[PDB]
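Take a look at the structure below.
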Amino acid sequence: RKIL
Amino acid sequence: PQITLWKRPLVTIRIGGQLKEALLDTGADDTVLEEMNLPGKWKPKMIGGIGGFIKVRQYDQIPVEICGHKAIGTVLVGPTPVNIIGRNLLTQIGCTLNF
Amino acid sequence: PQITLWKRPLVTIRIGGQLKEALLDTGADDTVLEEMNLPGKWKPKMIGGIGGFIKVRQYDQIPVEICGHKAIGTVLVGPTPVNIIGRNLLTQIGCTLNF
């Protein structure tokens with residue numbers, strides 16, 4: 001999702 | 001610059017008048033920095049990744065200088081394992097991936 | 001190719017005889033794939049990100065083609081929310097960050  | 005990826009792409013940034021080291025992270029939608037004070041209003045937000053969700057403080061329209069390039073945008077502050085520059089600011093400095 | 005960062009940098013990969021969508025992730029040391037029943041010997045590992053750690057299976061010397069560029073190396077499999085191509089394979093395809 002947002003922060004990888 | 002052109003930055004290869006044999007090592008972590010860590011760079012120096014300036015924010016709120018202070019220097020910090022941060023990771024250029026194309027896998028992050030957003031910029032997330034370790035606990036620190038920033039001036040102005042913030043809003044509570046949650047963001048997720050591997051390992052699940054965390055709580056952060058969202059600061060809007062914050063100037064950040066990245067490897068000498070200027071950006072002004074959203075910075076999230078919270079219990080991130082490393083300071084991360086995400087795509088919201090990478091786009092502002094004209095960063096692309098090339099191969 | 002040149003990949004801009006206005007959107008998530010998702011590309012097609014081929015691994016273990018499946019085509020998948022994966023995120024080019026300069027922030028990731030390792031390549032981590034969504035759960036898939038890959039043959040071969042593996043070892044357990046723990047990897048960390050934004051919200052904590054997850055348990056993964058480490059497979060070595062796995063061929064992975066990324067946008068037509070061949071790579072071969074370690075792939076981690078587990079409950080990541082997104083297939084991520086990390087630096088271990090990005091270096092093999094000559095991927096750089098440029099601004």
Side-chain angles (χ1 to χ4, degrees), chain A, chain B residues 3 5 8-11 13 15 20-36 38 42 44-67 69-98, chain C residues 1-6 8-13 20-33 47-54 66-67 79-87 89-90 95-99:
Chain A
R1 39 172 341 287
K2 281 179 201 28
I3 311 305
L4 288 298
Chain B
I3 297 173
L5 295 170
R8 291 178 168 121
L10 298 169
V11 295
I13 71 180
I15 182 173
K20 297 183 172 275
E21 186 179 71
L23 181 68
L24 302 180
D25 184 3
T26 62
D29 295 347
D30 304 313
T31 292
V32 196
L33 300 186
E34 300 160 2
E35 193 43 34
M36 62 171 299
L38 284 172
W42 54 271
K45 288 296 201 306
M46 292 177 68
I47 62 177
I50 270 167
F53 280 84
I54 62 168
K55 292 166 65 186
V56 298
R57 305 197 312 267
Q58 174 172 319
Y59 295 84
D60 290 329
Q61 211 166 320
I62 300 292
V64 185
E65 190 166 317
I66 305 163
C67 224
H69 293 247
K70 283 168 197 300
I72 305 176
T74 301
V75 173
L76 307 178
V77 177
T80 177
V82 60
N83 291 327
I84 285 161
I85 308 301
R87 289 185 300 95
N88 76 304
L89 303 185
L90 296 172
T91 55
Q92 295 198 16
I93 66 175
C95 191
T96 57
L97 288 166
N98 296 265
Chain C
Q2 177 166 101
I3 300 184
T4 62
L5 298 172
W6 296 117
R8 292 171 178 157
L10 297 167
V11 301
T12 306
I13 66 172
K20 296 177 177 279
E21 192 168 59
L23 182 73
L24 304 180
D25 186 351
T26 58
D29 293 344
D30 305 305
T31 289
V32 191
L33 307 179
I47 61 166
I50 196 60
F53 283 81
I54 59 169
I66 302 152
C67 299
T80 177
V82 179
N83 288 314
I84 75 185
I85 307 300
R87 291 187 302 101
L89 300 184
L90 296 169
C95 187
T96 58
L97 286 166
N98 294 82
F99 57 99

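In what follows, every heavy atom counts, from backbone to side chain, and hydrogens, waters and symmetry copies are set aside. Convention: sequence-line order gives letters A, B, ...; per-chain numbering from 1.
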Worked verdict on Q92(B) versus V64(B) for side-chain contact (heavy atoms from CB on, under 4.5 Å): CA-CA 10 Å; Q92(B) 295 198 16; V64(B) 185; over 6 Å; no

Just do the side-chain contact (heavy atoms from CB on, under 4.5 Å) check on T91(B) and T4(C) with the steps written out, would you? CA-CA 8 Å; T91(B) 55; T4(C) 62; over 6 Å; no

Using side-chain heavy atoms (C-beta onward) and a distance below 4.5 Å, is [X] in contact with [Y]?
X	Y	result
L33(C)	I13(C)	yes
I50(C)	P81(B)	yes
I3(B)	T96(C)	no
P9(B)	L23(B)	yes
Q58(B)	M46(B)	no

Sequence neighbours excluded, which residues qualify as side chain to side chain donor-acceptor pair (under 3.5 Å) partners of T12(C)? none

Suppose we screen for side chain to side chain donor-acceptor pair (under 3.5 Å). Which residues come up paired with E34(B), at least two apart in sequence or across chains? none

Spell out, as yes or no, whether a donor-acceptor pair under 3.5 Å connects the side chain of [X] to the backbone of [Y].
X	Y	result
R57(B)	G78(B)	no
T26(C)	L24(B)	yes
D30(B)	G86(B)	no

Taking all atoms of both residues into account, what is the closest heavy-atom pair of [X] and [Y], and its distance?
X	Y	answer
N98(B)	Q2(C)	OD1-NE2, 2.9 Å
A71(B)	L89(B)	CB-CD2, 4.0 Å
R1(A)	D29(B)	O-OD2, 4.2 Å

Angle between ring planes, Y59(B) versus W42(B), binned at 30° and 60°: parallel, tilted or perpendicular? tilted

Just by distance, with hydrogens left out, do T31(B) and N88(B) show a side-chain donor and acceptor under 3.5 Å apart? yes

What's the separation between atom CG in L97(B) and atom CG in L5(B), rounded to the nearest 0.5 Å?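 One gets 8.0 Å once the value is rounded to the nearest 0.5 Å.
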
Hey, what do you get for CG (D25(C)) to CZ (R8(C)), rounding to the nearest 0.5 Å? 11.5 Å

Using a 6.0 Å cut-off, check whether atom CD1 of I72(B) has over 12 heavy atoms from anything other than its own residue. no

Just wondering, are more than 12 heavy atoms of other shown residues or ligands nearer than 6.0 Å to CD in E35(B)? yes

